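Handing you a structure now.
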Amino acid sequence: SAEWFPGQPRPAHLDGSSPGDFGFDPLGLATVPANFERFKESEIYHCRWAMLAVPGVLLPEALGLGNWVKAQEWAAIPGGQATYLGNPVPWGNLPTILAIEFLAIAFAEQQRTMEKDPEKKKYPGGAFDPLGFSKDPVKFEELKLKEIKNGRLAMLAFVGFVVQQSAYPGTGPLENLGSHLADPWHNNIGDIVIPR
Amino acid sequence: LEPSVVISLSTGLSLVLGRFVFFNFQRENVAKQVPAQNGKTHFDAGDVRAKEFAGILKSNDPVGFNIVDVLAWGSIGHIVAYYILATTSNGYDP
Amino acid sequence: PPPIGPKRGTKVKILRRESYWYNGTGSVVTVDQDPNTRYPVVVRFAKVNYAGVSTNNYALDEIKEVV
Amino acid sequence: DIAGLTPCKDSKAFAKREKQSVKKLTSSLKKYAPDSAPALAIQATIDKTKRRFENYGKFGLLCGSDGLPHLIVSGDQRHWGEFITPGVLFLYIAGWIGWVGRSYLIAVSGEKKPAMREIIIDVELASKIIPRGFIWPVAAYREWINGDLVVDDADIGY
Amino acid sequence: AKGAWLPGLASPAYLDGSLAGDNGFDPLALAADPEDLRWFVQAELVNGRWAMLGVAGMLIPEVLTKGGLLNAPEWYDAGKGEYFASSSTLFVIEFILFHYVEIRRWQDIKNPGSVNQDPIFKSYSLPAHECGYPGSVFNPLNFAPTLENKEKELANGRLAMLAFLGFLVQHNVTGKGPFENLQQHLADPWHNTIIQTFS
């Protein structure tokens, strides 16, 4: 049966030996295998960026440098100059930041999609696995599962960050945790869910 | 701030993007998009003014870069250059 | 020689596009056994058409037997 | 208040309209004997008018610059008595009527000449189906769940 | 045994008497379809047990306080009191705790025996039973699920549902609680009825 919903039948196109398949596909968006492979790749790509982004949202706020939202305010000021760890960035000019980012990232992401092997498309080797951990396929698959799980848990956390930011303008992630710890029985989602 | 530098830099970056970054995608999507009417191209159907010009399309560049491509990416270069050159004195525009 | 067509009393479904009872059902009355008859199946219906008729003739490939 | 409107219990134009109507009625009342029937009818009309204005005032309606009540239908919880609750009543009654009609048509279609039962009603049968509209929202929902409400497109034909 | 709610009336054909509490009562033909019958059989037990619990916990505190051993508000005012947590927190806790148990109950109605397994400790499950009447942990003293006891449960539940409806309606006209209404009826039986309430 379906692992995500105990007592529920598995989908016809699912139940295969996939890294993270729990039989969850209510809308049946994965009927065509050619769409399914690219959905797997897209899932891996969203997971990795979210996992890499979570510390980048939690660390500067915890170091007293401004939450992840206020760090983008200097770009909206005409004379705004970038700062990093309190050290002003000499090249903090907005046009060059918007230019070199596009110019470099376009090439860096154009290179990766010229690959034609679907299995190697999700997981390349070479200069991306320096220490090397594919020596044992069983532990390789185990690590793949333990990676996709943390990636889904990280995407959930980022969406939570966005929604909690929208609920309390001007605040940060860890500030909400501190407020919750201050008054557990009075500071919860109940006020927003049931508004006064 | 200096137009004679901004325009040159923008044109150079646009030409680099055209020749080395998005060349394959453009040249492979172009092959699949040929206008036709009732299963035949415009020149095959009878239009004598729809012949594709041959002199201007050939080039000795290793990848086939030509004059039409030069103009296509140079136009982007000038447009972006004058976009940056306008929202500097005072421009609140998208 | 085997008798052609469905037996009397069979329920059939109409496939002729320009017929009033298209996609409806009717009852077989009789089948003409002459090999030269082009439309040999006689069908009767509960509802009359715009001309007030409630029976019509059809070919063997214009009717489907529904069980 | 809402949309620049004023409560009718605090509107000067509303009170002016009430006074004008009462004066117009009293002018006619002053033409007949005090104990005659027309005088009593006019007095009853005057009392009814005063009651109507008082009830409109104390039921929380809003009045415009013209001095007439206006209705709010955007969903605001201070005005559900204006559209939402009567709307629920209208839907309940209409569903009852439609449900009993459909059930009669389905129950009668199994006969030899169903049309004869459409110009001459079988009251004995209808009197057993009429009380069942009392729970039409449950019956219709369960019928929808089990696939008995709708006919497939392939089966539709004369 | 199978009685009659109206002496002199014929019973429906689909109420042959295979269910506890059968008395041939379905004038409006809600349960003609077999599946509707199962759905309503479950719903009756659930609404009835909730009504029994509500009536007990809605009436006992009132008489306890009126006796003089406690000081608690009426049932229609307890939601406007001072508690260690706000009402919103309690509602959210209730919603989260109930989504899980109610979908767990739903999965067993959809197909019996599907959710008998313990999710965490993979060593406990529910032996075969009938929907609406589980056992094991839910029957600590391990009583006997005889036909007599099921009828005794159903009768009290059906009584409790009407009692709760009566409380709800009597609060919206009098506004003094159940026990005060009963003592008022017992003071002057011929001058304190529903007729005097509206006039």
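Points to keep in mind about this one:
To keep things simple, chains are lettered A, B, C, D and E as they appear, and every chain counts its residues starting from 1.
Everything that follows uses one rule, which is that a contact is a pair of C-beta atoms (placed from the backbone, for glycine too) under 8 Å apart; a residue touches a chain by one contact, two chains touch by 3 or more.
Between C-D and A-E, more C-beta contact pairs are found at A-E.
Centres computed as Cα averages put chain B at a distance of 68 Å from chain D. Look at where the CA atoms of chain B average out and do the same for chain E: the two points lie 76 Å apart. Centre-to-centre separation between chain A and chain C, using Cα means, comes to 66 Å.
For chain E, residues touching at least two other chains: there are none.
Shown for chain C are the residues that touch two or more other chains, of which there are none. If the chains shown are joined wherever they touch, the resulting network is a simple chain of contacts running from one end to the other without closing. Chain pairs recorded as touching, per the definition above, are A-B, A-E, C-D, D-E. Chain contact summary for the complex, chain E toward chain D: residues 27-30, 33, 35-36, 39. Against chain D, the residues of chain C that register as touching in their complex are 14, 20-25, 45, 47, 49. Interface residues of chain A, counted against chain B in their complex, comprise 95, 99, 103, 106-107, 110, 114.
Put simply, chain D touches chain E in their complex at residues 131-132, 134-135, 138-139, 142, 146. Of all residues in chain A, only 6-8, 185-186, 188-191, 193-194 touch chain E in the complex they form.
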